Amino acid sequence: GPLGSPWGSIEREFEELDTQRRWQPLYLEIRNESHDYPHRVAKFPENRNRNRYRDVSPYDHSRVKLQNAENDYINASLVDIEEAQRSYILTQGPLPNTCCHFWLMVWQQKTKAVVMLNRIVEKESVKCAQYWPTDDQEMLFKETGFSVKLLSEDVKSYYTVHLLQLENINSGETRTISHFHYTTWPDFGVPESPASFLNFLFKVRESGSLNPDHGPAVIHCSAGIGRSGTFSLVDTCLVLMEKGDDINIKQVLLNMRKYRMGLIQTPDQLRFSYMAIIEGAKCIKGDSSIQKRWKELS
């Protein structure tokens, strides 16, 4: 193979983009190369109060459908990358009248974890409804037949983990859902450091919630594309590298954009993605004696 390290091709490209100050031109290339696909159901008149933003819609070919409901629509997309054995659902922060649909989808898709990357209020606007209880009262969603109870809360400096009990009233069953809340990632911004984002991702991974024996994890922010796209791109690229593939980050992101529009919203969020993939690749453990020496020396 090549003479460089496993991350050497990506690291050289990052250094060149910095020296030539070409992050804004590269972002514009990606925008111009992203094709549009039909999103007709999202624009039905009966779905207008189910969309948070008029310009952010799921594509018809990859939207998640609600089962046994008169209206099957929710603003959510299935992003499945079988080269990585990874599947995610990316979705908007639910509105007061769509929290009931959010929990129905979580049940029907056999999801184990919800990853939340926004605050409820940001710059004096509401970005997402309060869809889980903060105290010991049960929170009822009568339109779809679900109730939710807080089981535990662990607060750290830049994220919080809640364990939640989700009850299906119609089937007489319950499940424990892990709720991973990143509390210090600003709208259209970046996390405080690669190290802080990576510690959060490794905690999500350690719970088993991203493994193929569970349904897809539900990832959301406010619109479900900027911060959510950054999180999913970094996780996918790290899986492919651990598998041994020689990856091109521009190509992976354009492929993921075929499943949901507009993933990654600023040039700085793109640059942060490169940084987190390089530093995470140095944390990979494996069997190769060569790869271990590269890690020590780097």
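Each residue number is its position in the shown sequence, starting from 1.
Look up the CA B-factors in the entry and say which stretch, 16 to 24 or 273 to 281, has the higher mean. Taking the mean C-alpha B-factor of 273 to 281 and of 16 to 24, the larger value falls to 16 to 24.
When the C-alpha temperature factors are averaged for each of 257 to 265 and 32 to 40, which stretch ends up with the higher value in the entry? It is 32 to 40.
Using the entry's values, work out which of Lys65, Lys243, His61, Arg52 has the largest Cα B factor. When the deposited C-alpha B-factors of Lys65, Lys243, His61, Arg52 are compared, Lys243 is largest.
Name the one of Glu153, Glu83, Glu173, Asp135 with the greatest CA B-factor according to the PDB entry. When the deposited C-alpha B-factors of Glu153, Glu83, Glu173, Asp135 are compared, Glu83 is largest.
Split the chain's modelled residues into thirds by Cα B-factor; is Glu122 in the lowest, middle or highest one? Answer is lowest: the recorded C-alpha B-factor places it there.
Taking the values exactly as deposited, rank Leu210 by C-alpha B-factor within its chain and report the matching third: lowest, middle or highest. Highest third, going by the recorded CA B-factors of the chain.
In terms of the CA temperature factor given in the entry, to which third of its chain does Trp185 belong: lowest, middle or highest? For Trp185, whose C-alpha B-factor we compare with every modelled residue in the chain, the answer is the middle third.
Is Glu143 in the lowest, middle or highest third of its chain when residues are ranked by C-alpha B-factor? Ranked within chain, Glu143 CA B lands in the middle tercile.
Please rank the C-alpha B-factors of the chain's modelled residues and tell me whether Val56 sits in the lowest, middle or highest third. Answer is lowest: the recorded C-alpha B-factor places it there.
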